[PDB]
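In structure tokens, the next block holds one chain alone, the form deposited in one PDB entry.
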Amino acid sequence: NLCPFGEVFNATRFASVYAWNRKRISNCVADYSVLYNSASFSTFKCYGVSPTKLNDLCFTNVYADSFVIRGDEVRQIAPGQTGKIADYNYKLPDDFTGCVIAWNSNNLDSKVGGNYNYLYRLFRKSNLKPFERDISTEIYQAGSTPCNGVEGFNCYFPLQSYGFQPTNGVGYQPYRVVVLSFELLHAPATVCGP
């Protein structure tokens, strides 16, 4: 009764980072060692837990969050990070228990002339809390004058497009990211290794 991690890692399309997706993993058996040992994952960094011990543990729920950012931003998907992505799009807590997995997806997510489907949030009144998700498109008030819902002077639509294009340098190429978080509750632990 295997955990359906394939639906996460092998999805055709990933979400924009500002609208990141989450899959709840429960009541199943998962072989984390198979993922951790795959060379196709160039980032596979765990926090508060050892990747090689994951097959020895049970959790009540496992959460798999997935999205696309560009290469230079993968470093922001870590505890303690700041920047547009960490501050405004996807935020890990200081005391994160889980793993960050990423791989270059230029062959999947770029297109000649640009793939404009993947967006990022550039402005926000405050930083996201850990695991908070903000998909609003209210006009951002950059200055002293209220915006009243209309773009204008110091009044910005909050999102931009990556426009991923295949000859971008690697720091501007798309990377698919999967964040696994391991949750232990009073409820029974239903997600175990082999």
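Between two forms, the rigid core is the largest collection of C-alphas that superpose within 1.5 Å. All residue numbers are counted from 1 along the displayed sequence.
- The stretch with the higher mean CA B factor, choosing between 6-14 and 176-184, is 6-14.
- Averaged over Cα atoms, the B-factor as recorded in the entry is higher for 141-149 than for the other of 127-135 and 141-149.
- The PDB entry assigns the greatest CA B-factor among 69, 46, 28, 62 to 28.
- Between the residues 42, 168, 50, 161, it is 50 that shows the highest Cα B-factor in the PDB record.
- Per-chain ranking of the deposited C-alpha B factor places residue 113 in the lowest third.
- Sort the chain's modelled residues by C-alpha temperature factor and residue 81 lands in the highest third, per the entry.
Omitted from view is the form deposited in another entry, to which the following refers.
- Here the rigid core is superposed between this form and the one not shown, and of 144, 167, 136, 126 the C-alpha of 144 is the only one to shift by 2 Å or more.
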